[PDB]
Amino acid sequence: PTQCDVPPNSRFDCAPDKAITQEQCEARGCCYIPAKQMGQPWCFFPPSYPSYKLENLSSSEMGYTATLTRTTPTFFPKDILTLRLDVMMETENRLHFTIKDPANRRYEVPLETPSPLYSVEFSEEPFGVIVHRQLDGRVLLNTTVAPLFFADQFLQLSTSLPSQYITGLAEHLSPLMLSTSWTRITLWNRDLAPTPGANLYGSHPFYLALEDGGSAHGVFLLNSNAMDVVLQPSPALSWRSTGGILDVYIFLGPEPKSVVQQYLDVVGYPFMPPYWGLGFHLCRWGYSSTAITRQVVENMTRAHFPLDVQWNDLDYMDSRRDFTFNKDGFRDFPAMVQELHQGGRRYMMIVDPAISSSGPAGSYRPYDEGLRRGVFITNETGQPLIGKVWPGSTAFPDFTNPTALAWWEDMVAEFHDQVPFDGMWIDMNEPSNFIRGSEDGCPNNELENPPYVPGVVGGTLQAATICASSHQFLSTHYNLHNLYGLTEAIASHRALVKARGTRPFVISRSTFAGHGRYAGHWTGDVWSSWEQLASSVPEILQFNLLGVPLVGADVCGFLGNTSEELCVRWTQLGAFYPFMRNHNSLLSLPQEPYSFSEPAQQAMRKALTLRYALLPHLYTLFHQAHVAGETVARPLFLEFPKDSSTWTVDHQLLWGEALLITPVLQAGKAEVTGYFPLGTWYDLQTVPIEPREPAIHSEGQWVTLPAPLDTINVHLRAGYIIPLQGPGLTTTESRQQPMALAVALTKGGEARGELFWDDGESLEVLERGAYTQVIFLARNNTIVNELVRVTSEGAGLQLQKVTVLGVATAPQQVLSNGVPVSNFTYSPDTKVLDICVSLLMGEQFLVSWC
């Protein structure tokens, strides 16, 4: 047929709900053409398939409103035949539209609200929204490409994509750039060890699409229901959600970093972590007493390994229950944590969401009080839904209930009164259930058995979690499931603020869009494998683009047994995770830095030492994330979008604009090949911290670098200045040391950098102005600071070393504030000028040479 002449790559599936025969396909009013070898749909929509018609388009002060009408039913039940379209032109960068049922309030995700670069026009029949980039006329969105479906439990909205390059749609084990070859991406939070093609712990319905020439846009669908996102190679995308409404934001960039910042303007800028949170964290399942746990710190200390935060897993609890500690191995738990604090370290422990429900009445306050106050998710007969997790039978708190929030704050404060822990590791908050749904199964209804089930592991919404039709304060679990973790992270953030009075530190397994405003994330139960080491790079980068910059993987891997070589390379790379924790499973061989051979220990110690030297810089990068929606770890394409060679690179990463990390990610290698964008890149090993080229002069090219077992390649971009600080086994110690600058000159002698400094943990620092901020500038053989703000926290900072890279000629003299310096060295082979000074970050200085 004429209408069935649709190019293969542009066929949209008219049988996404079930296996179909040719006769049934045709009776739907669809085209049946088998592919010649999910894949390309054999049953697909002709361009005439019934959609909605636009009627009564009107122009308001905020934008546009219209009615959308479907005349012919779809093959799903409960089509909503009359919809309302609202288009809001919110800023020059942000376009917002919604499609709703004007006759019924439908579930919506709870969220605080925050010439243009876009234009918008509409197709009448079939209905579509078309968004152009005004500067070049590129079509960014065109929803005319397939029918709009809007049924009670099935929404589908499709669009063309501007290129084959698209990233986002966490959480999945994938390259940073997603495959457009008939790929079904499922968002349904699920406790499963990361494996390819699976819905994992978190769900972020946001994508960033690259455009030829290096501009980009982003799209956020504000919808928390179970969904599939289907990418096809035309290229095009289909959102398929199981409930809610279509609430769509388009972010115009044009730069990828701006797209990310614009997205974070809606969902929230990243929270500012405490400085100590950027130190090394060490944990395992199996530190089964305070004595053993104390030995970890002792063993790290004796072998000169920095450690800011000691953790415990389930070991601490009384019979694996929250807000208890056993009176055998952990009898003296309070004293252990007090002692940690006396030495300048912090303490973290695991908290699960589910609460043991099986104890005698009156014997377990978290449950007894939860029951009294009605804090738990309830079932059909109004009683707590009971599942099974680590303690046995458990009820599940409803973190959408304000009373549950108050209860959680209370349980956290009461436990903190016994043991003064410094944050919360919130696990199992998908929510995870070791049985299907509940001890009593689940009822048979349309929420438990919906007409479209996304491609979830196990083929049901109840698999490894609770019943979809269970009740929460705001809605059913069906609607709220993908928010469970997020809502717990918000509750825990608030609880920690109230209990401790300083910045919270929450690390969560499950996440949703906006998570980064409250908490960080670790990537869960990764294997100790070379595969998963390599896969951690794109995953950490992905979460940075999603505004969760406090992210990392379990260093050396969680599951199975690490090898020495793997743990060296994983420690080297993982020292560049913004959140750095080595964590290990119960039955695995030990993998603490001190448990390896001497050469391995040296390499691991070096990795940790370099991280601690860089902490002032890392902290400043977090400040930029927090105040301007920047990324901390970023892919090369975020920083060099106009170099199309960067677009598929995800085994290198940047810290901010200027530090390029090129890890070895394979066994047996003593070299690595990395992409170097146009520029001069100085080898960071030429900066004295306490055939290798000193500078890579790149045109935009791949470069093979020596990378023996003791080495990770780290390069500093010309034009940038990096603040550093002296060593310590903790940040309590390190923050008191002298600082240094590493100054990477351009060929013309230019560089710029910055330092942000506050007390490291107080609330409302920016609001109160309790911070110091300094800019550094190199120009014409001088280095100066520029004092943006100087306060008490910052006025003691001693600058004792200035290292200048790319100094072509040996200076005859070096001056600090007009006075010849006590000592400097120049190396003619590396072009490094190293200068001892006695200066203050917060007082104006001028260092010069000639």
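In this text, residue numbers run from 1 along the sequence as written.
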- prompt: Is it true that residue 113 has no coordinates in a third or more of the other entries in the comparison?
  reply: yes
query: In at least a third of the other entries we lined up, does residue 38 end up with no coordinates?
result: yes
- request: With residue 37 and residue 38 adjacent in the shown sequence, let me know how many deposited residues between them lack coordinates: none, 1 to 3, 4 to 9, or 10 or more.
  value: 4 to 9
query: Per the entry, how many residues of the deposited chain go unmodelled between residue 213 and residue 214: none, 1 to 3, 4 to 9, or 10 or more?
result: none
- request: Report the stretch with the higher mean CA temperature factor, choosing between 2-10 and 839-847 on the basis of the entry.
  value: 2-10
message: Mean Cα B factor from the PDB record: higher for 333-341, or higher for 577-585?
response: 333-341
- line: One of 440, 247, 228, 410 has the largest Cα B-factor in the entry, namely 440
task: Quick one: which of 126, 431, 753, 455 shows the highest Cα temperature factor in the PDB entry?
output: 126
message: Could you place residue 181 in the lowest, middle or highest third of its chain by Cα temperature factor, using the values in the record?
response: highest
Modelled-residue ranking by C-alpha temperature factor, third containing residue 657: middle
message: Which third, lowest, middle or highest, does the C-alpha temperature factor of residue 162 belong to within its own chain?
response: middle
- request: Among all modelled residues of this chain, ranked by Cα B factor, put residue 156 in the bottom, middle or top third, i.e. lowest, middle or highest.
  value: middle
query: Among the modelled residues of its chain, does the C-alpha B-factor of residue 423 lie in the lowest, middle or highest third?
result: lowest
